[PDB]
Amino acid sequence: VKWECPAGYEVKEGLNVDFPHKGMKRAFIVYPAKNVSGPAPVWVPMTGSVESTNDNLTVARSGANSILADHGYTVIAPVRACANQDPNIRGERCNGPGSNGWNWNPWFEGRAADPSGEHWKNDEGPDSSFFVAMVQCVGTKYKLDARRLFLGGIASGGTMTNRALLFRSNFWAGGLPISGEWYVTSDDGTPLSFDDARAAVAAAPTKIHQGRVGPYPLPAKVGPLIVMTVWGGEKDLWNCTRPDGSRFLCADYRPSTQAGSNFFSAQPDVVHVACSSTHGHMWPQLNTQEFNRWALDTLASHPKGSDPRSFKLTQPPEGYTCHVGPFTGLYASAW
């Protein structure tokens, strides 16, 4: 990791705006770590489709992720491109289909199902690259631990976490994709409808499934990581909203958390932790801050390049069940 900022950019505590990246002007918020001397581990939390970045950072029901700075992490939270640098924008002009080849507008987190998405089969996209540039810039002002750079998020932010881990596995030390999509496709890359993708994993729950969230094909080998995938249970589903306001089921996170857990568990230099809860499709609701502290400290226990055999999982808070490996309680076993 090399610490550098676009020329003349002055990083600050709090809200940073007009950060130049790939022709866009981006924003992000920094909460420097408390009670830490020397390089601090980093947490890059991402909101979803309807909660604002400020909600994700300060509202308890949304995760109050800025509180991790009181836990000794330097929190660097990106604002969604669609929010036009406003960390208070919630779903306005963000909660809906993407454009320019992207599937969903909150983050550049998956290629679209039609041919305009082709280019994103092997280009990480502007959010994945912005986050690397963002963290490299903040590191010129605050001491950051280059072996403990973690990102994570909920819903579309969880999808973005998956995409970033697949394309920047030699940068991040790991991540926390909570109820993120995988956008499962056929082995040849063919996009599948929500129904067909759901059925494909149900028919082969233990296999590695390709998906629009990542490169096509998925990488044969990724850099050293620790990944903690969280499924919110039976009600972890998302209903999209038509222009006329009606709602309809468009995402089921059981197959996507399973798929991501199968890919990351198979990787030799990745420790994958599969966590299940029962709160649905929103930031973990039961013992929220206990969960945030447990999850980030679990990721920080495996600094980048650590031996997976040395990892030791500790018990999560009440309301969560976790283990190393792929999910096992989501689909019936072959045997």
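All residue numbers refer to positions in the sequence shown, first residue = 1.
Annotation for 6-14 versus 19-27: the higher mean temperature factor (C-alpha) is found in 6-14. Higher mean CA B-factor, judged across 41-49 and 301-309 from the recorded values: 301-309. Across the options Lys221, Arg111, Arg80, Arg254, the residue with the most elevated CA B-factor in the record is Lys221. For the set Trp172, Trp104, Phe264, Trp238, the maximum C-alpha B-factor listed in the entry falls on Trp238. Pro243 sits in the highest third of its chain by CA B factor, as recorded in the PDB entry. Among all modelled residues in this chain, the alpha-carbon of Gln210 has a temperature factor (C-alpha) in the middle third. Ranked within its chain, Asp55 lands in the lowest third, by CA B factor from the PDB record. Sort the chain's modelled residues by C-alpha temperature factor and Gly232 lands in the middle third, per the entry. Sort the chain's modelled residues by C-alpha temperature factor and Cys250 lands in the highest third, per the entry.
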